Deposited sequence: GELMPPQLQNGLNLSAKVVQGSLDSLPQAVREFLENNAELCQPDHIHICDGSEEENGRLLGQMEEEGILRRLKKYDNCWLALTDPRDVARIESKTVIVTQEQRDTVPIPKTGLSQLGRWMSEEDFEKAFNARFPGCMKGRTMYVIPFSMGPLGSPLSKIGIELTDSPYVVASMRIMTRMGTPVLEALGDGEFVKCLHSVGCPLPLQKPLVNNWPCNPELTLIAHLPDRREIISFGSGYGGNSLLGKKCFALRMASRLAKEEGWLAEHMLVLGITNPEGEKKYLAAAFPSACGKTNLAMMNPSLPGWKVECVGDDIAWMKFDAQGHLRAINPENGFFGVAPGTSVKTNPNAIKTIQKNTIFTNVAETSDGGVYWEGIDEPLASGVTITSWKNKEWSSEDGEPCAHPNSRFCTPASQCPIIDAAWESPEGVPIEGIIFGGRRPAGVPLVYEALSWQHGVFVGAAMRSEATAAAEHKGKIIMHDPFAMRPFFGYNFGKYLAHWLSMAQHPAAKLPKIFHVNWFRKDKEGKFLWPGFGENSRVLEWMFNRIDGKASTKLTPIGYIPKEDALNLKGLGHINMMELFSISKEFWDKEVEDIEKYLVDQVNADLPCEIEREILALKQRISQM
């Protein structure tokens, strides 16, 4: 009866709990066929070919095995306003704010979710194939790795999941009869189609809903096929669900790149960094450093799972298998390693296409050859006078991590890499120096808590996790604070960076990019106890002449590193207001103390 629908694999080979998850949802969604993914190259080639037929993907003939998907303009991004966590008690998910609506999460009652679920999923896959994606977050078989099963009616999701996760039969074999996170996804357009189909990309914007049910170990997503909404291992699983598990089991699931940096003497450290959007996070993750003798290597560009080892060192793994990177602004100058990575075996979404089957986007910094023309992401002839970008601002490459020329040798080690420094950062046109260092662990947690960044609007994004907290942010802060009482903890040094400070004409004070190796150099030596410190009210900055400026043009170091009482009076008042308002009864006393200490330090300047 159900075996009759199966077009690849066998129900009898699946572990019982996987079979039952499949059976329950096939009955609910009523797909025409079941395809159990094996993750093989042969399967991938076949789905691409099928997606090419149906106009889902176009071949990019300039490259080896590269493909382009164009979406419905209504479905172009991860959508927070349609994203919820479902728990019995609201407080477990989000703090009750003093005023307004919480910006720290979006809670939906179990009752409300059942209704919303029943209004969407029954019969949602009629006319489509349900794909069964067995995937591992983290190196196959590792202590810190977790496995999920994603059922989807989207072949784009399957092919993207193959890159972004370890996917297929080896995962089922590692899983056996173990636990897994249940992931259910549908584009929400059963056949026959009730509504027009734009660029062969099905979506249901009106009913779009991305839900998390932590107690059930379930992620349920409806109506969007795009990145953060559909690739369920990434944000939904590896950040939201995982951060909750992390708090319960004593580890951390964080929105952090991980890189390894080696000095000219062969000494190597691993660093983690959390940035909000529009900060060049991926660029830093695979930075080509300007300083002679230095090496930078990439562990991951988005997510880090961290746990104390037996000697109290924080060990990170990258739970992803690829990079889901923003395309526009990617060039040989801004990210030479990302450019090499994406030359082959890569899926691009919503970028432009050149007439010779290449890709294009704003800031690609690549002059077109004579007679080459550009088709935009809206399938229109494009010119620079059109007054709209050739690529969507949120357009993507989706690319294997193994292909990064500077992929770290330990990027898949099951034991993880030891983190010696955590870097918080933002885009701040005024007031905030290029780099500073936390005064203590408690102060460091507060620095993460206080993060704000220019999106012409400056908004708060604490730990870069604001859209991603799996649970009460107040409890998340308490969890971070508790790391200082972990026996023999070797706590990472905490820093804050701003690449984006401007002079009064809005010119950037710091050249940045590969020159940010100089800032990493200072952090590196600080971790090693170098007396390169000068104390300020906000933390330590580099002493006079301590930052390595050899080979640079003139830098206005005085403005770059200036700390104004006026600016910081306003800053701390804004930080206090936001944290007391938003975190309310759940704000740890250690953070209250750091807010007041900063105020006192500022008042004395």
- Note on the structure: Taking the deposited sequence from residue 1, the uncovered stretches are 1-12, 468-475
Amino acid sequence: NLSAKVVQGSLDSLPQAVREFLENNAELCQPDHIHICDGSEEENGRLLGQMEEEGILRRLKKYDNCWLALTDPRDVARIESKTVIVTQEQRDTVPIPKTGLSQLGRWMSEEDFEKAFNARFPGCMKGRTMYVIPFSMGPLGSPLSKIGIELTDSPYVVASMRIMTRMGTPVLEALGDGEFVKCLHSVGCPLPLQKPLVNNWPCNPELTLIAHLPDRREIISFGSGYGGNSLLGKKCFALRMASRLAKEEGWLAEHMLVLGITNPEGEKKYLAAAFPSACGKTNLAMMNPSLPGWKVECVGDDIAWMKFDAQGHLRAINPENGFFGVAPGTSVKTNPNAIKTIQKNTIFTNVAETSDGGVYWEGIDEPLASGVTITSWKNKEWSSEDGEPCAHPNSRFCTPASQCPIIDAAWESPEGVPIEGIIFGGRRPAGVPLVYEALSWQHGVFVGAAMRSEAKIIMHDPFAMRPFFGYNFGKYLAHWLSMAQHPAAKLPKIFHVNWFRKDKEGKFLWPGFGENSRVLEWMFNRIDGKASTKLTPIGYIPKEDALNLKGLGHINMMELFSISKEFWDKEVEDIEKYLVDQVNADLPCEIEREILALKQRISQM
From here on, numbers count along this sequence of modelled residues.
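So that the term is clear: the rigid core is the largest set of C-alpha atoms that superpose within 1.5 Å between two forms.
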- Greater root mean square CA deviation, 502-510 compared with 104-112 in 6 other deposited structures of this protein, core aligned: 502-510
- in 6 other deposited structures of this protein, superposed by the rigid core, which stretch departs further from the shown form in CA positions, 552-560 or 31-39? 552-560
- Do at least a third of the other entries of this protein fail to model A531? yes
- Pick between 150-158 and 529-537: the one whose mean CA B-factor in the entry is higher. 529-537
- Message: I need to verify one thing: averaged over C-alpha atoms only, is the B-factor higher for 82-90 or for 354-362?
- Response: 354-362
- From the list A253, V187, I457, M164, select the residue with the highest C-alpha B factor recorded in the entry. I457
- Query: Going by the entry, which of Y471, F237, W377, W510 has the most elevated CA B factor?
  - Reply: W377
- Third of the chain's Cα B-factor distribution that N229 belongs to, per the entry: lowest
- Note on the structure: Temperature factor at the Cα of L175, chain-ranked in thirds, falls in the highest
- By its CA B factor, does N321 count among the lowest, middle or highest third of the modelled residues in the chain? lowest
- Task: Tell me, lowest, middle or highest third: where does the Cα B factor of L579 rank within its chain?
- Result: lowest
- Task: Would you mind ranking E388 by its C-alpha B-factor against the rest of the chain and naming the third, lowest, middle or highest?
- Result: highest
